[PDB]
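# To kick things off, part of the complex as it is:
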Amino acid sequence: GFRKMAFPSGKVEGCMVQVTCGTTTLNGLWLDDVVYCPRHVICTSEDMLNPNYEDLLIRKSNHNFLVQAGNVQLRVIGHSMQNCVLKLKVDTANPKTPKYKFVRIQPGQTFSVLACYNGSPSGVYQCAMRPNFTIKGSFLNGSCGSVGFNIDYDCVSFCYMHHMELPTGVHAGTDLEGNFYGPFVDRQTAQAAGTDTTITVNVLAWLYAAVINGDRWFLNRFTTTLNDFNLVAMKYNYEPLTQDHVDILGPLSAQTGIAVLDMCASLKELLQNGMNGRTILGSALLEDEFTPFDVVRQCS
C-alpha cells in the first residue's frame, strides 16, 4: 500500500487567473499585486516565429492585457519582463496569497503541478523533473501558465511554470524567475527533447521504501563499487550515480541497515535479470518519481 501523492492544491488554487493578450489565452499566477505568466502571450500570428520579446513588450499598453480572477476583472498597471516570464503588476493584491518563495529545482526532484485551463484549475498531479529537463504531461495535463510547486510547512515553493507542449507527449517550461529548464526556447521552431533516462537515485529510494514495507526478496548479500554500478546502469539508460546522491541516501541507509552500494548490487542485479514475474510494492516496474525525501516524508 504505497501510492504517489501530490500536495494539497488549495493554496495554489486561489492564485490562478486568466491572462489574455489579443487572441491568446493562458494561465497566470496572481501573487500579491503581480500576475506571472509566460512571456509568449504577447506573440501575434506574425511574431510567433522570431520575436524580440522585450521590444514587443515595451510597445504593448497595459490595456492590451485582460486579467480575470473568476468573474472579477483585474486592472493592469504596469508590465516588465524577467527572462521568459511576463510580470503584470495589478492594482489589487490577492488576499488569498499564501506564504511562498521562488525556488529552482534539479533534474530528478519531484513537485506537484496544478493543471489549469483559462485560469480555472482542472486537476493536480505529482511528477518529477526528467533528466532531459522535461515533464511528462499531455495537452490534457494543463496548458501554458500552469505551475509546479512544493509545500514546506504550509509555505508554497513555486518551482515550475508550463510554457509549451512538445510533440513527444511531454512539456517544458521555466522557473518562476523565467529561466528555462533544459535547452529550450520560447520560439515556435522545431524542437526536440533529449533522450531521457531513469532517475537512478529515485529507484534506490523506492527500493528502500519496499524494504521499509517489508518487501525484501530483491536484497542480496553483494555490494559493488560506485562506477562498476555506473557502467552497467548507463547501458540500461539509467542516470549515473554521483557521490551527492549517495549521501542523500544516507538516512535511509541508516534506518534499514542496507548500505547504498549494497542496494546498488540489488538494483544492478534487477537491471540484468529483471523481476522474473515478481513484484515490488505492487508494481512490476521500477518507480523513479520518488525522491529520497518523498520516502522519508511518507515513511519517516
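Arrived safely, thanks for sending. Numbers count the residues shown, from 1 in each chain, chains lettered A, B, ... in the order given.

# need the contact list for residue A:182.
A:132, A:133, A:134, A:172, A:193, A:194 (C-beta atoms under 8 Å, 6 or more residues apart in numbering). Bear in mind the C-beta positions are built from the backbone N, C-alpha and C, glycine included.

# what pairs with the closest residue to residue A:65 other than its chain neighbours across the strands?
Distance criterion C-beta to C-beta, 6 or more residues apart in numbering; nearest residue to residue A:65, sequence neighbours excluded, is residue A:76 at 4.3 Å. Under DSSP bridges, the beta-bridge partners of residue A:76 are residue A:90.

# so residue A:76 sits right up against residue A:86, yeah?
No - between residue A:76 and residue A:86 there is no contact under C-beta atoms under 8 Å: 10.6 Å.

# what about these two, which has more around it?
Comparing residue A:76 with residue A:86 by other C-beta atoms under 10 Å, the one with more neighbours is residue A:86, at 26 against 19.

# Report the contact partners of the nearest residue to the more buried one once chain neighbours are set aside.
Spatial nearest neighbour of residue A:86, excluding adjacent residues (C-beta to C-beta, 6+ apart): residue A:39 at 4.5 Å. Contacts for residue A:39 (C-beta under 8 Å, 6+ apart) come out as A:53, A:57, A:81, A:83, A:84, A:85, A:86, A:178, A:186.

# Show me these that map onto strands.
Residues of the contacts of residue A:39 located in strands (DSSP state E): A:81, A:85, A:86.

# Save these as JSON lines, and put in distance to residue A:30 too.
Converted to JSON lines, the ones in strands among the contacts of residue A:39 look like this (distance: C-beta to C-beta, whole Å):
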{"residue": "A:81", "distance to residue A:30": "18"}
{"residue": "A:85", "distance to residue A:30": "13"}
{"residue": "A:86", "distance to residue A:30": "13"}
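
# mind adding chain B? sequence follows:
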Amino acid sequence: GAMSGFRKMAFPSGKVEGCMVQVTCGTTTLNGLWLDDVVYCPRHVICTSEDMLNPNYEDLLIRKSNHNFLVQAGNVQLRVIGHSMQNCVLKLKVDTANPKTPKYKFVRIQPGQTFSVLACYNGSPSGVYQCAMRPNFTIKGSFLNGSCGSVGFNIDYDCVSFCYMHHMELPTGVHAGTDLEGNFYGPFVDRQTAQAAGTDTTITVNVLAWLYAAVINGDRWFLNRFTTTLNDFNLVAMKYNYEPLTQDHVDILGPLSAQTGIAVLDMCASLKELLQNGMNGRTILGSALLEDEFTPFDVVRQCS
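Following on from the chains above, chain B is added here:
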C-alpha cells in the same frame, strides 16, 4: 496527440481542504468532515482499546455527551451541540456552520469508478491522490498511519460529490470505508476482527476505454484484426483475473466505438492478445502498464 504521455490527475483538493477538522474522543484523534453545521467522522472514534473487537456502538454512543467530543478547526475549537449515528458514520452537530462549505452532494459509487482522496493527519491535509474503487470494494491507498476520516470525492461544476470515507486498514495493505451515509463498501465491518479482502481483479471496462484512448491518439500497435464473442472474451479474461464484461459495459463504450470505428468486441480481441503476449517494455499512451483507473466517462469527456 491530445493524450500522449497522459497522467491521471486528482481533482483540485482546495474545496475539501476547507472542510477538514480534527475530531477527538478521549484518547483517539482522527479526521472529520465539516459541512455546514454538522461534522462527519467514522463512528469507531468512540471505541476504547478493549472495545475494538466487538464494540457495541449503541451502548457506547448513548453513554457519550456532547462535551466529550473535541472538534478542532485549525486553531478554533468548535462546540458540539448534538450527536447521532447513521450506520457507521457519526454525525456531530456543531453550533457554527462552516463558512468554507462548498456545494456538495452525497453519492454512492460502484467498483471501477474513480475519485480523489485527500489524505489527512490529525485534521491536517497531507496529500491528494487519484484512485478507483477496486472490484473487491477496497481502495489501494497510501501508507499513512492514521488516515481515518479522510474523504473521497469527485468535483463537477463547483459541486463536490463526496463518495468515500476511510475507516480501516486491512491486513493486505489496502483500505476499506463507507459512503457519507455510513454504509460500508463491500462485506466489511468496523471491527478489529479477522477480515480479508477478496481477490482483486482488473477493471476490464476501464482498460478498454484506456485502449480506445490510445487509438484516438494514434497509438495503435496493439490492435489486431480479430473480433470475439462477448462470452468467448469473458471466458479468457477471467483466467487473467480480469472482471467479466457485461452488455452494459459494452454500451458505455459505444461512444468510443463510434468515434474510432473499432467495434467494442474487436477491441476485446485486441485486449485478449495483449494478455497472452504482454507489454514487456512497450508503451501505450506513455504508460508501460495497462491503466485500469481511468473510466469511460472521463475518456469520452476528455476526447470529444
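
# count of residues packed around residue A:222?
Residues contacting residue A:222 under the criterion other C-beta atoms under 10 Å in any protein chain shown number 12.

# what about it, helix or strand, and which?
Element membership for residue A:222, per DSSP states H and E: none, as it lies in no helix or strand.

# Any figure for the gap between it and residue A:95?
59 Å (C-beta to C-beta, to the nearest Å).

# do the same with residue A:164
Taken as C-beta to C-beta, the span from residue A:164 to residue A:95 is 32 Å.

# Of these two, give the one with the bigger neighbour count.
Ranked by neighbour count (other C-beta under 10 Å), residue A:164 and residue A:95 place residue A:164 first, with 18 against 6.

# Could you look up the SS state of the closest residue to the more buried one other than its chain neighbours?
Spatially, and ignoring its direct neighbours in sequence, residue A:164 is nearest to residue A:172 (5.8 Å; C-beta to C-beta, 6 or more residues apart in numbering or on different chains). At residue A:172 the chain is in strand, as set by DSSP: H, G, I helix; E, B strand; the rest coil.

# in the stretch 151-300 of chain A, which spans are strands?
Per DSSP state E, counting those that start in this stretch, the stretch 151-300 of chain A carries strands over the ranges A:155-165, A:170-174.

# counting contacts, what elements does the longest one pack onto?
Looking back up the chat, that one is strand A:155-165. Judged by 3 or more C-beta pairs under 8 Å, 6 or more residues apart in numbering or on different chains; DSSP states H and E, the packing partners of strand A:155-165 are helix A:10-13, strand A:24-31, strand A:34-38, strand A:99-102, strand A:110-117, strand A:147-152, strand A:170-174.

# how about TSV for the ones you listed, with mean neighbour count added?
TSV is the format used below for the helices and strands packed on strand A:155-165 (neighbours: other C-beta atoms under 10 Å in any protein chain shown):
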stretch	mean neighbour count
helix A:10-13	23
strand A:24-31	23
strand A:34-38	25
strand A:99-102	13
strand A:110-117	24
strand A:147-152	22
strand A:170-174	24
